[PDB]
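Values quoted throughout were computed directly from the atomic coordinates according to the rules given, and no laboratory measurement underlies them. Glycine also receives a Cβ, built like all others from the backbone with ideal geometry; neighbour counts cover every protein chain displayed.
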Amino acid sequence: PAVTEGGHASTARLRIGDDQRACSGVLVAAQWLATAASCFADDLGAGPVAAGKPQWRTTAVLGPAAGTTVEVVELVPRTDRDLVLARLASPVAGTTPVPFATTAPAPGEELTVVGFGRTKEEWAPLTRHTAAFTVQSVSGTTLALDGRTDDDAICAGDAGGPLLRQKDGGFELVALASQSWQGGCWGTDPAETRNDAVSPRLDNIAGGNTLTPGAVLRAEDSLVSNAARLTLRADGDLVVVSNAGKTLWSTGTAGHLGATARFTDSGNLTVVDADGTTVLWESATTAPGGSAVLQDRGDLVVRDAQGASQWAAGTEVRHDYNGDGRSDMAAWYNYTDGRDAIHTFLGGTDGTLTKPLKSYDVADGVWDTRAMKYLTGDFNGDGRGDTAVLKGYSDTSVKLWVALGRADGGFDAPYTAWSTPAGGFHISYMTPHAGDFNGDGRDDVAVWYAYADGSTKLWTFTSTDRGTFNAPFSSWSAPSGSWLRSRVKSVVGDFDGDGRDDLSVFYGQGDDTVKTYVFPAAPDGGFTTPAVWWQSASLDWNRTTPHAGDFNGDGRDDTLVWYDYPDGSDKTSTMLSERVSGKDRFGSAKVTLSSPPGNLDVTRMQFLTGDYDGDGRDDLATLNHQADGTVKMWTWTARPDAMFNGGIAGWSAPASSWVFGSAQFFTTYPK
Amino acid sequence: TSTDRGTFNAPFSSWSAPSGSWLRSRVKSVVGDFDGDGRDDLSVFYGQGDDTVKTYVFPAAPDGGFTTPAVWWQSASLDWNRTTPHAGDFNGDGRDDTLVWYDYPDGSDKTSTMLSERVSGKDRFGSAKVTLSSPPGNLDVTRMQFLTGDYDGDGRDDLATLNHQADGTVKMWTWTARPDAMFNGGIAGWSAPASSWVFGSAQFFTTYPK
Ligand SMILES: CC(=O)N[C@@H]1[C@H](O[C@H]2[C@@H](O)[C@@H](CO)O[C@H](O)[C@@H]2NC(C)=O)O[C@H](C(=O)O)[C@@H](O[C@H]2O[C@H](CO)[C@H](O)[C@H](O)[C@H]2NC(C)=O)[C@@H]1NC(C)=O
């Protein structure tokens, strides 16, 4: 029988190659499908499936009227089941994924079989058809299934189709169709009347993006999200990989075959050996009643019962605009004719930056670009970076604009995410910072507001699931005569790896010495009393330009200082974050980059950090204005020891095309 | 320099380098008399960008200062970040030479000895050979302190360590040197529980840092 339109929208049809093979599957996550492995095998119906890109260009069609078409990019097959998870080029909107069953199937249970395979009469139906199956037995990694009646059957081309169990008006995923006698099916000898079938069980595997207390993640298993995958390898090594196919984080527990990863009732996440007793790795957290969740934003975070982050792996790519697993950068370009547009430079596989593409090109008079500040970050929880603009208006009012990132690397039209009547906030006093301060899986905005009376307050604008911002609230504050705005150079990042971004300030201490404060983020998104993590009198504050990022892949961010020497030369000193004797601080500074005198002018180039080659370690790239007016991109990648490599040249242009002083890059912290 | 009163004179400089040349963070230094001229001098195992190892020697001037360095040994087969150089006369030549303790990714470690020699009038270190090796997991290079010297007084320098064991016990080991600069098996010496000697709370008097 045919399925009523709008039903089982989560059920997808797959087309492999140039109509070479037919296969079915089900939506499991916004950007993931679950399909049969046998249809992607070199030998159809049996044998191994290649990991990574499929052997043939493959697409899938799904939705209530099968009106949505998406491409499958990457396969990660399982070895003990006819099951492969396929990553999509883009997430599917408007279609709800099917959750995994949390209980075992049992004999006598009725399962609903739906797919796009051949029917009793139709070789290649244009709609979904279903069948009623009953469980006969459950063992190993498969189910023994038969028909509820002798009228229907599972037929060729329907492989990979979901077998659903109805519960509370909804459905749960129990198994995918695999092999059968296909009795009574079109194109099959009528002599065969059996509809007995065997399918892999999907109830005894990890799924979704969360681990509950007591949950166990078996080897050759994984959790998935839009911008990351968490998997435990057969060799016992628990790893997280990006959409680029590269590993961002690992426990390093390789060679311990049979090792298992589990989330304990104590709230910690650990890796245990084959003996079920010996611990090979632990997050060493405490959070009873908590859970471990792999976010769409990118990273893996362990949260307590109150929803507060306790620990994070830090497996994220900052301002990745297309979601391809590598950091990008973008700029707001003001043309001399009054019009403006946003240009995006995508990261390449070698860490270089490709030629920019433009988007959101608007006419003169649309924006009054005299008093605006630019922010970047993922403000929707998409898994791809967005942008935002904080702008003042001639009536003294303020608005905060947000533009969502597109899959093609461009941006959509900005929309107002927050606004205030004049007399509330003033653009001249606000100093916004982007990052995830709340730890809710969406970036938000913090403002260091300097009052005319000399007082200071930190305001936080948390993000909603609508992409909009809530009303600002204050937390940390200081009396007038204490903190001076003119002496504050601020950066942001997650400096202790607690899953929440926070502030740090390089303060000019009277004699132009440098003292670094950190302002840890509260569970409520606010900020706590600062403490000093680093200080030095060996360097002049007026010549320091601090930057933040994870420059050794620790999972916790740290800082470097670009220093402009009187000699005409410059260098970067990196201070890695570490905890010693229970005390958090930055370690001793070392020179990681240096140039000859006169080789670079710090006032003629714009800086932006990020993970450009997607190797899990943050690095920095610049657009520098050369003596002849030429603008050139350089990227210095980070070595495992936080030493930088030589700069790699990327896109460049004459001043006749790109004017240096007329463009501003979207950043995470000002200057 | 030292006086006959046991006191030191005012310091004076000799060799120097401009900024942007030698980076302190990439310098692992040892000292000894590497050409047998009767004066001790410096040598540096420098991390050459890609973490390869290049060894410089800084011969001592008659006035106690140091002269322009020259390269005595280089190899790209070993990772600088895993090398801990030591100096001494490990074959009784009368002129000091160096060995490198190497911490492998495999969990094992070894010592490679490069004996000092003069060939065609040119001073350099000879080809490296493995003189000591251990099973994987047998020793942790970050849990033990090293010190070289001639412990049995046979004229050939050798090395001994105080290693911190998994159970907190601290144990002394000495590996004596054979005439061919091969090491013998380690000989156990004094040992104690952590309740008596705390490993991380004691520092040995050395001739060169780390
Ligand atoms: C003249 C002056 O002091 N203007 C104030 C402020 O000056 C700074 C500041 O904008 C920073 C950061 O944006 O950039 C430069 O350092 C500016 N310096 C100079 C010399 O221009 O600029 C703001 C501003 O919004 O540019 C002024 O506020 C005014 O402009 C806004 C936006 O266009 C709007 O037009 C307001 O009506 C106008 N505000 C007032 C009160 O006249 C700052 N003004 C004051 C009075 O503090």
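Some values worked out for this structure:
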| read-out | value |
| --- | --- |
| Rounded, prolate or oblate (a/c below 1.5 giving rounded, otherwise prolate when a/b exceeds b/c) for the protein assembly as shown by Cα gyration tensor | oblate |
| Two-site label geometry, B:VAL119 and A:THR468: point separation in nm, points 7 Å out along Cα→Cβ | 7.9 nm |
| Theoretical FRET efficiency, 1/(1+(r/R0)^6), r = Cβ-Cβ of A:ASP524 and A:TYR451, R0 25 Å, to 0.05 | 0.65 |
| Computed over chain A: relative contact order in percent, which uses C-alpha pairs under 8 Å that are six or more apart | 8 percent |
| Most positive-pole-ward Cα, A:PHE116, A:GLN606, A:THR369, against dipole of chain A from beta carbon charges | A:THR369 |
| Per-residue average of Cβ from other chains inside 10 Å of A:580-593 | 1 |
| Student exercise, the protein assembly as shown dipole from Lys, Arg, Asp, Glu Cβ charges, in Debye to nearest 20 | 1420 debye |
| About the Cα centre, charge dipole magnitude for segment B:1-64 (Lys/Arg +1, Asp/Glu -1 at Cβ), debye | 320 debye |
| Full-stretch length increase - A:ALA144, A:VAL366 - with 0.36 nm per residue and alpha-carbon distance subtracted | 73.4 nm |
| Top of B:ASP63, B:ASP158, B:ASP37 by mean-square fluctuation, Gaussian network on chain B, Cα under 10 Å | B:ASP63 |
| Charge dipole (segment A:62-183, unit charges on Cβ, about Cα centre) - positive-most of A:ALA131, A:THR79, A:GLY160 | A:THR79 |
| Rough spin-label spacing in nm, given labels placed 7 Å along Cα→Cβ, for A:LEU539 and B:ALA76 | 3.2 nm |
| HN-Hα J in Hz across segment A:342-352 - Karplus 6.51, -1.76, 1.60, θ = phi - 60°, x for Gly and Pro | 9, 10, 10, 9, 7, x, x, 6, 9, x, 7 |
| Three-way shape label, segment A:41-170, alpha-carbon gyration tensor, a/c 1.5 | rounded |
| Per-pair calculated FRET efficiency, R0 = 60 Å: A:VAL580 and A:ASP151 via Cβ, rounded to 0.05 | 0.25 |
| Point-to-point label distance, A:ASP43-A:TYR335, nm (Cα→Cβ direction, 7 Å offset) | 6.1 nm |
| FRET efficiency estimate (nearest 0.05) - Cβ-Cβ, A:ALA132 to A:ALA531, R0 60 angstrom | 0.40 |
| Under 14 Å from the A:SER477 label point (7 Å along Cα→beta-carbon), backbone N, segment A:521-558 | A:527 |
| Segment B:24-119 - charge dipole about Cα centre, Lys and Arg +1 at Cβ, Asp and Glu -1, debye rounded to 20 | 300 debye |
| Global geometry of segment A:187-345, whether rounded, prolate or oblate, following the gyration tensor of its Cα atoms and the 1.5 cut on a/c | oblate |
| Dipole of segment A:213-264 [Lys/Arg +1, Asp/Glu -1 at C-beta], most positive-end residue of A:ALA227, A:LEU248, A:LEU217 | A:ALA227 |
